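Here is the structure we will look at, set down as structure tokens.
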Amino acid sequence: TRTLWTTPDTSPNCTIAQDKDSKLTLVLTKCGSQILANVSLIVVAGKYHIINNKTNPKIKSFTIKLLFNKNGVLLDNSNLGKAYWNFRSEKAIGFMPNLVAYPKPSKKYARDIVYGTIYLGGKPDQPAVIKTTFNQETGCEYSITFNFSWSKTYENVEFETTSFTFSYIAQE
Amino acid sequence: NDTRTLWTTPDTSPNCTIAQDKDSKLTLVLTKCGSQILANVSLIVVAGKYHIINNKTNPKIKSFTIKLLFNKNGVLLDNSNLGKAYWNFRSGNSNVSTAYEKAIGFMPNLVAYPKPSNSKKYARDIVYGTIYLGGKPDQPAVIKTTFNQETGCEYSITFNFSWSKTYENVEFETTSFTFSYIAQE
Amino acid sequence: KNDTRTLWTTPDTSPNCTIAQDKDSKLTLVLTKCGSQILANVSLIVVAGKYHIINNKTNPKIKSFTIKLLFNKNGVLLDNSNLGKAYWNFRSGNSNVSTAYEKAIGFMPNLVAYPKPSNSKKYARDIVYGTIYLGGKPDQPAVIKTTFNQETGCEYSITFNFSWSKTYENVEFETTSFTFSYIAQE
Ligand SMILES: CO[C@]1(C(=O)O)C[C@H](OC(C)=O)[C@@H](NC(C)=O)[C@H]([C@H](O)[C@H](O)CO)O1
Ligand SMILES: CO[C@]1(C(=O)O)C[C@H](OC(C)=O)[C@@H](NC(C)=O)[C@H]([C@H](O)[C@H](O)CO)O1
Ligand SMILES: CO[C@]1(C(=O)O)C[C@H](OC(C)=O)[C@@H](NC(C)=O)[C@H]([C@H](O)[C@H](O)CO)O1
Ligand SMILES: [Cl-]
Ligand SMILES: [Zn+2]
Ligand SMILES: [Zn+2]
Ligand SMILES: [Zn+2]
Ligand SMILES: [Zn+2]
Ligand SMILES: [Zn+2]
């Protein structure tokens with residue numbers, strides 16, 4: 001009970017636009033008052049599988065949400081499936097984003113956001129932005145939201161990313 | 001009583017003096033993971049010269065610095081920009097009740113990051129990151145963190161915030177950035 | 001002390017790494033085990049040889065180099081790594097423990113997360129990109145590309161590829177520091 005994670009393989013665990021179209025790899029490790037997080041994404045099918053902004057310039061972003069109840073347990077309306085989220089060998093308030101650092105919705109402060117850049121197919125001229133926001137969803141006690149977005153014109157690029165590390169302040 | 005975390009608390013009460021007294025909230029969390037300190041930082045400027053950036057009027061106002069200076073016991077010195085009242089080991093969402101006496105285990109390692117008297121200054125005592133003003137992706141600013149480069153102290157962490165875009169009425173309140181550094185002991 | 005949770009190069013400036021000439025650089029690498037994740041901190045000081053002072057007006061083709069750490073099934077550094085074995089060990093104070101370690105599997109990159117090379121589809125999650133700055137100057141970026149388990153002739157590997165695209169003129173290759181993490185094998 002120091003790491004909460006998805007399994008590290010590439011089997012689909014996540015639904016963005018159609019069922020089980022993606023594999024989110026998310027590893028949360030509790031280092032006392034901070035959670036060390038490591039994230040990457042493979043889209044395996046559907047709308048976001050192959051990006052072509054030549055033919056669809058307005059398809060530029062999508063969102064994966066993780067919603068948690070008051071005990072830190074993943075809710076079923078999350079994009080990530082509950083069967084795929086477990087401690088490495090179910091309550092987990094110590095992994096939740098701190099509500100004083102990152103308050104629930106209602107102008108708020110930007111420190112509840114972390115930005116990073118990952119790269120599609122591992123190619124250094126294929127950046128995409130991963131925007132991570134804490135506790136800004138409703139209908140839950142805690143949340144972590146990943147928004148993936150890009151501004152370059154990609155032409156038939158498969159959406160599979162390099163890895164990004166961040167941290168956040170833990171609820172307890 | 002989390003003896004592995006030194007922090008500012010996560011509230012929004014100003015705790016830092018950049019240009020005028022208590023004009024900002026520096027949120028800084030230092031978590032000891034053995035030989036490395038995991039650090040998380042953000043800044044909210046609430047008043048004064050840096051609260052609203054307008055480079056149309058003053059195109060030369062493009063940076064400022066926040067210094068944390070520590071003595072030989074790792075205790076924050078009063079000439080730091082960060083106030084001492086707010087800086088302590090964590091208890092819940094607040095601080096432990098009494099001011100700490102020793103925190104050498106959280107200081108930047110002096111062999112990795114030597115004092116300015118050193119023969120050679122090495123760039124490894126610097127970490128660069130980018131944060132975003134108002135959380136907007138087209139409002140980057142650079143946070144440059146430097147270890148042990150101040151004088152008049154045993155240890156120091158310096159944050160320099162700067163930007164190169166011409167911002168017009170942009171409030172200086174940032175997204176969060178994580179880094180680490182090698183601990184003294 | 002005797003810090004079993006840190007595998008490192010020590011933090012001194014003694015050259016320990018061979019890029020183009022023997023012991024022409026100091027790779028400062030600290031691997032700190034936080035359970036299932038390794039917290040990693042890296043920087044590079046080149047002190048001699050062809051990558052010490054970059055001048056792309058005179059040498060326009062010098063734009064990248066790679067430092068490889070290769071490990072066996074026990075997580076022991078192999079002798080054909082760029083990093084010397086004498087310098088790589090568990091931590092004691094600001095130095096290393098006295099005897100060379102025999103097992104460090106808990107610090108190796110996870111083989112399920114970062115599979116070895118094959119003929120099947122290769123996925124990007126075994127790469128982390130960062131930007132560091134030469135001489136600490138904000139207008140002298142270089143890219144550090146870290147790749148897990150993509151070398152052959154080993155059980156595990158961490159490789160650091162350094163590259164840049166600006167035309168630098170007499171710039172000393174000493175980098176700022178970069179932190180990343182990766183999923184541990186055990
Ligand atoms: C032109 O600007 C970019 C680009 O191609 O979009 C920015 C990008 O960095 C970001 C943060 O997106 C950078 N890639 C990395 C991994 O740093 C590349 C790279 O330097 C060159 O393409 C040469 O490989 O240059
Ligand atoms: C033009 O270059 C920048 C910019 O606006 O200054 C660079 C910036 O990245 C850095 C490291 O400053 C990047 N923001 C993020 C969050 O990565 C934005 C963003 O891609 C576009 O604005 C589209 O939203 O583009
Ligand atoms: C022009 O674009 C760059 C550059 O000079 O190459 C990109 C570089 O960022 C990257 C990720 O390479 C950035 N440096 C930092 C530390 O963010 C500098 C900086 O903003 C200005 O030079 C002002 O000092 O601008
Ligand atoms: Cl695919
Ligand atoms: Zn396909
Ligand atoms: Zn205001
Ligand atoms: Zn405001
Ligand atoms: Zn220590
Ligand atoms: Zn030199």
Side-chain angles (χ1 to χ4, degrees), chain A residues 10-12 14 16 18 21-23 40-52 109-110 115-122 124-125 127 129 154 156-161, chain B residues 12 14 20 23-25 44-55 59-60 62-63 123 126-134 137-146 159-174 177 179, chain C residues 120-125 129-145 162-168 171 175-178:
Chain A
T10 65
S11 50
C14 181
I16 304 172
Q18 77 190 33
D21 62 8
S22 48
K23 166 47 181 275
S40 68
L41 179 69
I42 299 164
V43 185
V44 302
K47 180 169 168 186
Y48 295 109
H49 178 42
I50 309 295
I51 304 308
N52 192 331
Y109 282 114
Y115 281 99
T117 306
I118 49 65
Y119 294 83
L120 305 182
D125 65 345
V129 174
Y154 293 128
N156 299 322
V157 174
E158 169 197 2
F159 199 103
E160 54 108 7
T161 75
Chain B
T12 53
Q20 66 188 51
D23 61 4
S24 51
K25 163 75 190 208
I44 301 164
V45 184
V46 300
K49 153 178 188 175
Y50 295 110
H51 172 54
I52 302 294
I53 304 310
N54 196 325
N55 293 133
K60 283 285 151 302
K62 303 294 256 195
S63 66
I126 294 166
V127 175
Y128 277 97
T130 302
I131 47 72
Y132 294 85
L133 305 187
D138 70 336
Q139 300 179 343
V142 172
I143 177 168
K144 175 190 189 190
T145 303
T146 307
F159 301 104
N160 175 261
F161 296 81
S162 65
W163 54 99
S164 47
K165 294 188 161 187
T166 308
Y167 293 133
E168 180 180 64
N169 297 335
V170 172
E171 195 179 353
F172 206 103
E173 54 100 12
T174 78
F177 175 62
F179 61 96
Chain C
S120 82
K121 179 191 268 183
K122 196 273 184 183
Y123 281 113
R125 60 180 184 175
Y129 279 102
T131 303
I132 48 73
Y133 295 85
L134 305 182
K137 296 189 181 176
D139 68 338
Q140 298 181 343
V143 171
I144 176 173
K145 180 189 190 187
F162 294 79
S163 66
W164 56 98
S165 43
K166 297 187 164 186
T167 303
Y168 291 129
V171 173
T175 78
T176 58
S177 292
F178 177 62

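In each ligand, atom 1 is the first atom listed, and ligand 1 is the first ligand listed. Just so we're on the same page: letters track the sequence lines, and every chain starts at 1. All values below were derived from every heavy atom in this structure, side-chain atoms included, with hydrogens, water molecules and symmetry-related copies excluded.
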One checks the Zn ion (ligand 6) and counts protein N, O or S atoms under 2.8 Å, reaching 1
Minimum heavy-atom separation for A:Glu160 and C:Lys122, please, with both atom names. OE2-O, 4.2 Å
Quick check: does any side chain N or O of B:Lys62 sit under 3.5 Å from a backbone N or O of B:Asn55, one acting as donor and the other as acceptor? no
So which atom in B:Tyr128 and which in C:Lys137 form the shortest heavy-atom distance, rounded to 0.1 Å? OH-C, 4.1 Å
Who passes ring pair (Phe, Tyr, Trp, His ring centres under 6.0 Å) against B:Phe159, sequence neighbours left out? none
Whether the side chain of A:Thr161 engages the backbone of A:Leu41 through a donor-acceptor N/O pair (distance < 3.5 Å, no angle test) should be reported. yes
Euclidean distance, C:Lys166 NZ relative to C:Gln140 CD, rounded to 0.5 Å: 8.0 Å
Gap between atom CZ of B:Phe179 and atom OG1 of B:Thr145 - 0.5 Å precision: 4.5 Å
Residues forming a ring pair (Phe, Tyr, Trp, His ring centres under 6.0 Å) with C:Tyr123, sequence neighbours excluded: none
Could you state the interatomic distance from CD1 (A:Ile16) to CZ (A:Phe159), rounded to the nearest 0.5 Å? 8.0 Å
Protein residues near ligand 3, heavy-atom distance below 4.0 Å? B:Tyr128, B:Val142, B:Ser164, C:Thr131, C:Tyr133, C:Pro138, C:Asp139, C:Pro141, C:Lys166
